[PDB]
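Presented as structure tokens, the chain that follows is alone, the form deposited in one PDB entry.
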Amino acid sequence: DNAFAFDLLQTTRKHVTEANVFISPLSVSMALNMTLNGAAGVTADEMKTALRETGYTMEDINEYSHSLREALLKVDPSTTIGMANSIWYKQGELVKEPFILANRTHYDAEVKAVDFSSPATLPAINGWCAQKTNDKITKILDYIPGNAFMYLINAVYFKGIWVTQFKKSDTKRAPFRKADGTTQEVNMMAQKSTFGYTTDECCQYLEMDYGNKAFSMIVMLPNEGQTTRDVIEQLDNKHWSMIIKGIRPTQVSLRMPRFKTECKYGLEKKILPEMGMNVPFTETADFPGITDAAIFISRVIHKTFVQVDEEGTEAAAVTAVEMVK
């Protein structure tokens, strides 16, 4: 069930104006599921609604999260995978043990009580992010507000090597038509190989494997006159299933740009509220599983990185949920 991934992509694309969008739904759902373990009442119900987890118990959500992390960390030793979680809370505050223990058990959360006023705390948190993303996301926070209570942070890291790599000697300078209609000159990689391929009325689809073929990249290339906005707006489990099950091994002459993108989002502003999460961002939020203090979510910061090149792909994401009094 990738409904959350597609709904998060669609809602993000609707509310941001940049040419590139790049998100990790896995990272966002892990950080919010750790937080959901402390929520009660409507606070919890609205978080389950936004996560597309309505109808599941916390026991099932936590067991699924744990089994998913275990599967992804061991399915391909030839691919580098990181899935790390941490909880940083205000020194001297009482944080409930059942909440800490659930997050240590199902998310392998590293839990730390910290002095948020120390000059060492922001570099300890940002340094943790750098450590868990091969230094590709070096900062998740620029500042800590005076009413900070807790940070729940997830970091996903991926470094895969293509099953069939490109040769840098075959990369050539070539035009790429931007979304804004202007053309730019790029480093266009090229190779002729067997890849997974399929088509429909809008697009061409390619599947490019990494390592032992457990992980892959799917590329959706709209036909002339067709748009990525329409692809995004039409994506759902049914359409995704149609693509995946339609893929067949095909001899393909591939031209792909070497590209990098780094994105940053404040998911609390418009995106998570549109997906149904409203009360948790207000003073009416209730998190009795975390503390007796009245706290709420002030920010949900999501940062991502991706580099695609001749050898493979390196991608990283960090999601930090900021809770304040």
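Heads up: residue numbers just count along the shown sequence, starting at 1. In this text, rigid core is short for the largest set of C-alphas that superpose within 1.5 Å between two forms.
Another form, the form deposited in another entry, is not on view; read the next lines as being about it.
Comparing the two forms between the shown form and the other one on the rigid core, the single residue of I137, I125, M208, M189 with a CA shift of 2 Å or greater is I125.
Once you line up the core between the shown form and the other one, the Cα of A320 ends up 2 Å or more from where it was. With the core held fixed between the shown form and the other one, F99 has its Cα displaced by at least 2 Å. When two forms of a protein are overlaid on their rigid core, residues whose CA moves 2 Å or more are considered shifted, and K74 is one of them between the shown form and the other one. In the other form, the separation between the C-alpha atoms of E314 and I23 grows by 3 Å or more relative to the displayed form. A shift of at least 3 angstroms pushes the Cα atoms of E314 and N20 further from each other in the other form than in the displayed structure.
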